[PDB]
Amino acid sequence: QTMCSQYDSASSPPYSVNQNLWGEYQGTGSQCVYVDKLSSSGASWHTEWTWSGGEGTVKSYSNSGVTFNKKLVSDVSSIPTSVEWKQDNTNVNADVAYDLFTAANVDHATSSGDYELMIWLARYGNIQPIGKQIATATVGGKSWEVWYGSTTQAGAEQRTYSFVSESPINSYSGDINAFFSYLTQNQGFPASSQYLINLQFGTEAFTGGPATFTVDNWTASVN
């Protein structure tokens, strides 16, 4: 659809495609999100965009998500997921990433919580993760840079762990739970007291364009 509004959702349980321009007031430009194929078996979609000014600030996060029942990270058996995407015009400042949120209380909004786990499949321009690199780890057969940082806004101190690949991975498959398992044994992540609440995948656009981000297919499940 031309659901190029501020916040829009198209869902076919348990999947959804979400247009999210939560930074539309920091720069200037336009962005629409189009659904190509959406059913209970997966999501395929694309978004075109152009943004200027307010560099260093994410203007939007178009993404596909999967709805599921809040459950303790330590109770998660596996998070299988696969994706195939492509970025048309790399002369921009944006990233392609999986975004996972956990909170110490399921009775908390899904916008944040305590921890955010970003798995960067691509990094364009001069943008970089929050905080500093604290390690490099091998997860799911691949090498990732582990970054850690914590931002506090409106009193919401949020801890972010970012796994970044050296080069773009257009075709990825893996068990995301492996990242949680790594964080629990190597970075003190409190798995037995954190509820996985949100799982999304998409792109954060800072500046640049016209550019097109396409997700040929996307699947994700939380067990």
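Numbers for residues come from their place in the sequence shown, where the first is 1.
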Mean Cα B-factor check, 130 to 138 vs 149 to 157, entry values; winner is 149 to 157
Between 209 to 217 and 20 to 28, the record assigns the higher mean Cα B factor to 20 to 28
Scanning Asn69, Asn186, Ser62, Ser39 for peak Cα temperature factor in the entry gives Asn69
Among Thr110, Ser143, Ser82, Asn89, highest Cα B-factor in the entry goes to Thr110
For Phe101, the third of its chain by CA B-factor is the middle
Sorting the chain's modelled residues by C-alpha B-factor and splitting them into thirds places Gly53 in the highest
The third of the chain into which the C-alpha temperature factor of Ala178 falls is the lowest
Chain-relative C-alpha B factor for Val164 (record values, thirds): the lowest
Tertile call for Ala43 (CA temperature factor, within chain, third-based) is the lowest
